[PDB]
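In what follows, a structure is listed as structure tokens, so that the remarks can point back to it.
Every number in this text was worked out from the coordinates using simple rules, so none of it is lab data. Note: ideal-geometry Cβ built from the backbone for every residue, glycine included; neighbour counts use all protein chains shown.
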Amino acid sequence: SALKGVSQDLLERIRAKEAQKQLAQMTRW
Amino acid sequence: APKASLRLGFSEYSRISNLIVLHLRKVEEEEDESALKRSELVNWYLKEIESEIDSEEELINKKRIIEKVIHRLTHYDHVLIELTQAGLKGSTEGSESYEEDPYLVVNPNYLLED
């Protein structure tokens, strides 16, 4: 989704974040 | 004056810079200067905005800016403060510094407007 992920250590948390908003519907009811 | 800039146009810059002044003024108000918060600064930042960050793009952008700001702060801006020197300055003598940076604190002055 992004080119050249800045600071993979801090950005790695996003790989789990993407899954979070995937299983959990964040769509405003 | 709208031409002065640095008020709303740079939302990411203002959003990130605010974290520095707000979190610093808060800790100085409590103690004086906590220091030692390279990853911590970003860590709590992400955890605070992750609820509003509903798009991966936002997070990647916010992390990019926060990291770039800290990197700039400790170099280009040079508004960072360190106790020692021989334990944070690489090259020359060939200092180890494999563990982490000794002391890291930021000046509440900076060069932002807002």
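So here's what we get for this one:
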| read-out | value |
| --- | --- |
| Footprinting exposure proxy for B:78, B:71 (fewest neighbouring C-beta atoms within 10 Å first) | B:78, B:71 |
| Expected 222 nm ellipticity per residue - DSSP helices of 4 or more, -39500 (n - 2.57), all of the protein assembly as shown, to 500 | -14500 deg cm²/dmol |
| Cα→Cβ-extended label distance, 7 Å offset, between residue B:10 and residue A:18, nm | 3.0 |
| Sparsely packed chymotrypsin sites (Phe, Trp or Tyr not before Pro) within segment B:23-76, loop by DSSP, other Cβ within 10 Å at most 15 | B:76 |
| Karplus 3J(HN,Hα) series, Hz, for segment B:21-36 with 6.51 cos²θ - 1.76 cosθ + 1.60 (x for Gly, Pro) | 5, 5, 5, 6, 4, 6, 6, 5, 6, 7, 10, 4, 6, 4, 6, 6 |
| Per-residue Cβ neighbour rank within 10 angstrom, fewest leading, B:92, B:84, B:74 | B:92, B:84, B:74 |
| Segment B:8-30 versus segment B:47-114: alpha-carbon centroid distance in Å | 13 |
| Sorted by Cβ neighbour density within 10 Å, fewest at the top, the residues B:112, B:8 | B:8, B:112 |
| Radius of gyration and maximum dimension Dmax of the protein assembly as shown, Cα, Å | 17.4, 61 |
| FRET E, pair residue B:29, residue B:92, Förster distance 35 Å, beta-carbon r, rounded to 0.05 | 0.35 |
| Given 16 as the ceiling on other Cβ atoms within 10 Å, longest exposed-site-free region of chain B for GluC sites (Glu not before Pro) in DSSP loops | B:1-30 |
| For chain B, the longest site-free run once trypsin sites (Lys or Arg not before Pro) in DSSP loop states with at most 12 other Cβ atoms within 10 Å are removed | B:8-88 |
| Dmax and Rg, reported as Rg then Dmax, of chain B (C-alpha, Å) | 15.8, 50 |
| Other-chain or far-sequence residues with amide H under 5 Å of residue B:81's (modelled H) | B:105, B:106, B:107 |
| Pair residue B:111, residue B:68: separation of 7 Å Cα→Cβ label points (nm) | 1.6 |
